[PDB]
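*Asks:* Sharing a structure, written as structure tokens. Questions coming.
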Amino acid sequence: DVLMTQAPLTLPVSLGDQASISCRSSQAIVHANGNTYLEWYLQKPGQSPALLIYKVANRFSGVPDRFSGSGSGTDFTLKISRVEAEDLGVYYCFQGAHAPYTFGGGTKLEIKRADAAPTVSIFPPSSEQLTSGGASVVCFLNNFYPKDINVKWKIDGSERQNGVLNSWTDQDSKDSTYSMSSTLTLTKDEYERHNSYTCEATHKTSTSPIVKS
Amino acid sequence: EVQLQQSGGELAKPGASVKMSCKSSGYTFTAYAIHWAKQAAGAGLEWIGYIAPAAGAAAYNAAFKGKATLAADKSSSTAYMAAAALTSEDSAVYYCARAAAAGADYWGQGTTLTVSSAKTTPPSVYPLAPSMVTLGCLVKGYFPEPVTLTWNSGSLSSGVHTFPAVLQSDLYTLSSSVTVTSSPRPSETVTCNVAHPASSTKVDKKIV
């Protein structure tokens, strides 16, 4: 099988700058008919893959002119000039010349923006839920950069790492910010024998903790 | 217009078989081949095979040919992928896609296949109440993926953040937030609309 080696694995880039992704086949992808079926696809978060380039260097209708592809034999490149925020997602090369057709491992393009502090909020369990017998404490850390951020849960001052699960969103196509949700699940009964609940957020923006309670 | 309509979600038991469909419309079905692509939660994309409805010929990734069969019914413009001998390694999102001259120009929306013996469980949807105000929707304890969340039936799209689900004790939980202006709530009604395809359930939770 033709192996498609893609580089880089991650491609952070500032808005306006150029970006380059390479793909190398482990053997030639020139078809018997002399055609090279090398394509490029963009997988944006929450969507189906979308075709960018086919036959090495032909831009698919509707694809902005800032995308171009070139290469031959075993070496191919996708160029994105004047990168825009809407260009975020995972790019994959693909060879449709030899069965089994194969995709590269993917390159996650990320927009590099000014560091931004997260917006922190917290929500106690809802009445409707409690009745049930559960008690969910929800913390949102919206619109920050870069991706890395920290969160620590403390009951009446004492930490609590078990029971708390966290989920990060992919980068936002509108403002290039990341957001996360941390959920500390505890029982309806233990939720009642405690008073203050705390959610902290330690980013790279301010060296001063972000507490909501 | 051209559309490839799949089914976003099905559950199947280990060892059983599942047949997924891709109904094409908007073009002459027999003139393009239909391909199937697999995307696991972290394995990149994998080409499964294609079927040429005109000739009847299906090509297979030999790595999966013993558990995969592709067919096509021109009369209903539908292509099918049947997977047999299911294991949890088969759980993934599978897409169908059309091809002829370019590459894969139109793609279905993807179907999430989960292989498990667990039962289908609808989500409980709890409203989340509190310059700027951040509201929410907690979608807890459902199985299998996926769940989709909309605000005001589509009418409200900007300012939304829906988080990926986290699994725990064999059930998923997800959250969605929506930072909207103060002049809106509560004057103008707002609602969380949740859909859980695998159980054919839809829930509308208006905020507080």
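Here the protein sequences line up with chains L and H, keeping their order.
As numbered in PDB author numbering, residues 1 to 27, 27A to 27E, 28 to 208 make up the first sequence, in order.
As numbered in PDB author numbering, residues 1 to 52, 52A, 53 to 82, 82A to 82C, 83 to 126, 136 to 154, 156 to 157, 162 to 169, 171 to 180, 183 to 196, 198 to 200, 202 to 206, 208 to 224 make up the second sequence, in order.
Note that beta-carbon positions come from the ideal geometry of N, C-alpha and C, so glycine has one too.
Locate the alpha helix (DSSP H) running through L/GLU195, then write down its first and last residues.
*Replies:* Segment 192-197 is the beta strand (DSSP E) holding L/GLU195; no alpha helix (DSSP H) there.
*Asks:* Got a sec? Which residues, its chain only, sit under 7 Å from L/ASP151 by beta carbon, not counting five neighbours each side?
*Replies:* Closer than 7 Å at the Cβ level, and outside the excluded window around L/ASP151, lie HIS189, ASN190, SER191.
*Asks:* State the beta-bridge partners of L/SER177 as determined by DSSP.
*Replies:* Paired residue(s): L/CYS134, L/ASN161.
*Asks:* Within the 8 Å Cβ cut-off, does L/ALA92 reach chain H?
*Replies:* Judged by the 8 Å Cβ criterion, L/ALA92 is not in contact with chain H.
*Asks:* Whole angstroms are fine: how far does the CA of H/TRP157 sit from the CA of H/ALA211?
*Replies:* Cα-Cα distance, rounded: 12 Å.
*Asks:* Within the same chain, show all residues whose beta-carbon is closer than 7 Å to that of H/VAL224, passing over the 5 residues directly before and after it, in chain order.
*Replies:* So the qualifying residues of the chain are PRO123, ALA125.
*Asks:* Does DSSP put L/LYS50 in a helix, in a strand, or in coil?
*Replies:* Reduced to three states, the DSSP call for L/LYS50 is coil.
*Asks:* What residue range is occupied by the uninterrupted beta strand (DSSP E) comprising H/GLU46?
*Replies:* Note, H/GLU46: beta strand (DSSP E), 45-51.
*Asks:* Could you tell me which chain H residues have their CB closer than 8 Å to the CB of L/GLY64, listed as they occur along the chain?
*Replies:* Going along chain H, no residue has its Cβ under 8 Å from L/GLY64, so there is no contact; the nearest lies around 11 Å.
*Asks:* Measuring CA to CA, which of L/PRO204, L/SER25, L/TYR186, L/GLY29 is closest to L/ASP70?
*Replies:* Here the closest residue by C-alpha is L/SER25.
*Asks:* Consider the C-beta atom of L/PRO119 and the heavy atoms of the ligand PLP; say whether any pair is separated by less than 7 Å.
*Replies:* Only the bare structure without any ligand can be found here, which leaves the ligand PLP out of the picture.
*Asks:* Can you give me the C-alpha to C-alpha distance between L/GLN6 and L/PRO120, rounded to a whole angstrom?
*Replies:* Each residue's alpha carbon lies about 45 Å from the other.
*Asks:* Around the C-beta of L/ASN30, are 16 or more other C-beta atoms found within 10 angstroms, so that it is buried, or is it exposed?
*Replies:* Flag for L/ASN30 reads exposed.
*Asks:* Using a C-beta cutoff of 8 Å, does H/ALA100 count as contacting chain L?
*Replies:* Yes, H/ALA100 lies at the interface with chain L (some Cβ there is under 8 Å from its Cβ).
*Asks:* In terms of residue numbering, what span does the alpha helix (DSSP H) encompassing L/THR126 cover?
*Replies:* Element bounds for L/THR126: 122-127.
*Asks:* Could you name the residues that DSSP lists as bridge partners for H/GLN3?
*Replies:* Answer is H/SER25, bridged to H/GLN3.
*Asks:* Apply the 10 Å Cβ neighbour rule to H/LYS38 and answer buried if 16 or more other Cβ atoms are within range, or exposed otherwise.
*Replies:* Under this definition H/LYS38 is a buried residue.
*Asks:* At which residues does the alpha helix (DSSP H) containing L/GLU185 begin and terminate?
*Replies:* Residues 183-187.
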